[PDB]
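First the structure, in the form of structure tokens, and then the observations on it.
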Amino acid sequence: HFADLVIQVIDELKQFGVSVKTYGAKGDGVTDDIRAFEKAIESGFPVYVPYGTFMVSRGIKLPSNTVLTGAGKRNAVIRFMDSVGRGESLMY
Amino acid sequence: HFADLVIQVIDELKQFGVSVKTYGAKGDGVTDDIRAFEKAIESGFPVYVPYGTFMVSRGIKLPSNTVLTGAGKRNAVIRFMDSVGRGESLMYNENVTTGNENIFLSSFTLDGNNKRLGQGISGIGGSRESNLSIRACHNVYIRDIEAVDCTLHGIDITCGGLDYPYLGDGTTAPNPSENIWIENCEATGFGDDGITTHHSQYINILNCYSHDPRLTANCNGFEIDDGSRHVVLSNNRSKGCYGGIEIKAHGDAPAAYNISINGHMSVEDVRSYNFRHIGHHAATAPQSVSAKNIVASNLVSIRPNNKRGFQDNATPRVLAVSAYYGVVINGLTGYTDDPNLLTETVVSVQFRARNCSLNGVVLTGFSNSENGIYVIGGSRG
Amino acid sequence: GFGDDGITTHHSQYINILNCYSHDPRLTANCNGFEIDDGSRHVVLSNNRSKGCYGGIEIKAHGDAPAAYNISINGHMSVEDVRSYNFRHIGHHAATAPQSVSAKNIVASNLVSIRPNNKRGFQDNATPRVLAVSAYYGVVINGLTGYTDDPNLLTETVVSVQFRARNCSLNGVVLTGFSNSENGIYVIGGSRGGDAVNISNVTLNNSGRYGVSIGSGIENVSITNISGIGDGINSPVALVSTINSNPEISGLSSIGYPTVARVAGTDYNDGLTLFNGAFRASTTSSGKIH
Ligand SMILES: [Ca+2]
Ligand SMILES: [Ca+2]
Ligand SMILES: [Mg+2]
Ligand SMILES: [Mg+2]
């Protein structure tokens, strides 16, 4: 309960803007983080992606005027889950 | 005791991955932070380097699949301590013999601290004592790195082993580096060459800047040396060096072949573009079996001179081609405001060189040289 | 590890693709490192690399598509691809087929093709090329280097201009190591061949049994400054070869080729200087010249 206050101080500092973990992203290579992304992008803020394997169950949609910068190649990873259907691009 | 909890919350957030300060790095310009680095890299996490002068007592080894990104040039600085011995490169890959894979180095200064050794000293032998040394490695991406005060090279790409191999001409050395990318990097105050390749293939050197070497020998801004092949150099700059770009080899080495230059600026160098194969220039000497294929465009040579007296005061050149077969030059501009710097020959093709195309050349200001363009004849012309 | 193409454009304009790296596709169809496809225009590609693909860079279109036009390449490295640089317009190659109204304008510099091969068997084992130009009008190439250490990978033709292609300039070309291919540079003639092409400042280091080859029925080709070496070639024939007599030729030299020039079934063993059409030299003024 203590760490959550420290986190929510940083999440309002917005060093890179709004982090995607602020909206409930794990990036643990298992958890479906799709809803965290959609929320972060529609907020109107530059979305940042820190370290982790951010799994996804459906394609990430990108509206107008979006800034999406991560921590690097093989650092901030975005992946489709082993049970995603057909017809969608990972990012579009 | 309170701050330590706040820190250890952030250290688990991993905004850039694991910070190097998490493992006990100070970056205060005094503390030896070597153990903090080694721990961070072996953790399997992308290591981040924040602000500070991160001192070191021995060379940083880099295993396979490492991401090492800092806070920028002249921001995240890595330095050798005033009491480090001889025989190590500031940063280099762990497996010296068989190399490593998938290394990514971004946004930091590397101060080799050659200053500590005294005036006019270079590497003790082989690829040893560079600010960065990539040996026998596959898929290496080097970005936004500044290499200052270097013992040997700023950045060196080579094959397996600490010594450079000399298997004669027409040979291809074992364990070569492969798929290398070097972008936005800077090399200065080096002992031998700013940025250099050996016995390695598939390399893009882009938008870099090598300048102002410490010494007076074969001190080239960019040197594509022994055994090198399939290299593109694009939009780099060199200044105050002997050769702006040198594509050569030694006698007992195979010459660099299939090298491309997509634009270059050469400022106040001695021989702005110098291609040759040492030991294959004389008439009685055996013919090079390796010195082939150079394509160069948009070459700029500015104020070529030898005021610093490189290579026993070798005469200045905008371009010199020797031994090589198949050299294509499209669009070359040589400019000088001082006619006394170059007096012999502005451009020359020589020493057994064949199949050369000079197309679209502007040479101006060389109003005191004997020859603009000179194809030398004679016994080995 | 892609299914179709590494990096690709369609029906879009104003694009800079810079310092990228597309390689090693999963499949075996039209798997190109970079593919500037249907409807594309005004694209610059600079200092990219491709490896282990079919086409290193492909600028094409499909039959029912307009061809990519006004495309620039400011340097490229193509490693172990099948057809390092492959330009065409499918459905506009055959003689009876309608002429492309879209396949125009390609400018390319500092092109590097390394070890072109088809070991993986792309496109029904299509024959390897350093460069292949088809259908397109107005192709400029300045500074091209093809290199191989293995002569068996490419055996047919190192460079070819074909399938209704027009207005092509090959300038500053070094092809080496292709000592087992039939042709270094080949402008194919015949019913749907290439025409209106300039080949200048070309050095062939053991590359092609026929160094430069011009097919039948071709009206307008210019060949200047070609020099070849053919010692290490398996049974070399001619440094330059031309089946008809109306290409123009100057500045030919070679060592190791039994014939420097074969033109209209005639050996010119130490080279030729040939101009066609009205001629005038060292005169102040003139009227009509047939
Ligand atoms: Ca040197
Ligand atoms: Ca395709
Ligand atoms: Mg060297
Ligand atoms: Mg397509």
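Each chain gets a letter, A, B and so on, in the order the sequences are listed, and its residues count up from 1.
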Euclidean distance, [Y] [atom2] relative to [X] [atom1], rounded to 0.5 Å:
X      : Y      : atom1 : atom2 : result
B/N179 : C/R49  : CG    : CZ    : 5.0 Å
B/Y257 : C/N205 : OH    : CG    : 13.0 Å
B/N235 : C/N47  : CG    : CG    : 6.5 Å
C/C20  : B/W181 : SG    : CH2   : 7.5 Å
B/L206 : C/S46  : CG    : OG    : 8.5 Å
C/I114 : B/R229 : CD1   : CZ    : 10.5 Å

Q | Within-4.5 Å side-chain heavy-atom neighbours: C/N201 and B/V328 | A | no

Q.
Do C/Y147 and B/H230 make a side-chain contact, defined as non-hydrogen atoms from C-beta onward lying under 4.5 Å apart?
A. yes

Can you tell me which portion of [X] sits under 4.5 Å from chain C's heavy atoms? Options are side chain, backbone, both or neither.
X      : result
B/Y202 : both
B/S357 : side chain
B/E183 : side chain
B/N355 : both
B/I329 : neither
B/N204 : both

Q. Using a cut-off of under 4.5 Å for heavy-atom pairs, which of C/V173, C/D149, C/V174, C/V112 has the most such pairs with chain B?
A. C/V174

**Q.** Closest-packed option against chain B by number of heavy-atom pairs under 4.5 Å, given C/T176, C/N142, C/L175
**A.** C/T176

**Q.** Proximal component of C/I229, with respect to chain B [non-hydrogen, under 4.5 Å]
**A.** side chain

Q | Per-residue contact mode, C/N19 against chain B (heavy atom under 4.5 angstrom) | A | both

Q: For the pair B/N262 (side chain) and C/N74 (backbone), establish whether a donor and an acceptor sit closer than 3.5 Å, ignoring hydrogens and angles.
A: yes

Q. Quick one: do the C/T145 and B/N258 side chains pair a donor with an acceptor below 3.5 Å?
A. yes

Q: Determine the sole option in B/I203, B/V231, B/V232 for which the side-chain contact (heavy atoms from CB on, under 4.5 Å) test with C/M77 is passed.
A: B/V232

